[PDB]
């Protein structure tokens, strides 16, 4: 099979600037190459075929070039809506039809500190024997953030998981949710539940907490 290797695996570019995405085939595929854009939760969208021909309906800021083994997709005047994974494809030697592994394009924006919220477990959940404490970091950039849980000042390890939204296509921010999972018995032994947030937009860590029963 013809192996298509895209690079870099991830790219982060400022709005209004250009992005350059590369693809390299393990043997010559002439100009029998296509590029696709895939936004989260959606099907791929054909951008370019024949290495350099823009598909119908595709803005002129998308351009493709190359021949043989080396191919490039250039996206000028980047906008927040261009957040997506971009795939190359070869149709010169098949079966199999082969795709590159994708390049994820993030769009940069102004640093934004998260707003932090903490949520105790519901009384309904406590009937089940488990307690989930949730800490929400809303609308921040960049994506890197550190969230640490303390229960009566004891740092928690091994009992939390975090989830991060896809980058917002309008304002390029992220949101994050960290869930601390405890048994009901452990939840009822302890009093002060706190989540500590570290982020580039915060001069110092931000702590939000609650006291059980208050």
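In the deposited numbering, the protein residues as written are 1 to 214. Even for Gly, the Cβ is constructed at its ideal location relative to N, Cα and C.
Residue i in three-state terms, based on DSSP
i           : result
residue 162 : strand
residue 208 : strand
residue 87  : strand
residue 126 : helix
residue 188 : helix
residue 178 : strand
residue 63  : strand
residue 1   : coil
Start-to-end residues for the beta strand (DSSP E) that takes in residue i
i           : result
residue 36  : 33-38
residue 106 : 103-107
Distance CB(residue i)-CB(residue j) smaller than 8 Å
i           : j           : result
residue 139 : residue 173 : yes
residue 267 : residue 78  : No answer is possible for residue 267: the residues shown for the chain start at 1 and end at 214.
residue 177 : residue 166 : no
residue 30  : residue 92  : yes
residue 83  : residue 169 : yes
residue 80  : residue 107 : yes
residue 111 : residue 141 : yes
Span separating the alpha-carbon of residue i from that of residue j
i           : j           : result
residue 33  : residue 76  : 20 Å
residue 143 : residue 21  : 22 Å
residue 149 : residue 118 : 11 Å
residue 209 : residue 57  : 51 Å
residue 194 : residue 120 : 10 Å
residue 54  : residue 5   : 22 Å
residue 205 : residue 147 : 10 Å
- Are the region 122-141 and the region 178-187 in contact at 8 Å, needing three or more beta carbon pairs? These segments touch.
- Item | the region 83-100 / the region 152-160 touching (three or more Cβ pairs under 8 Å) | They do not touch, by the three-pair rule.
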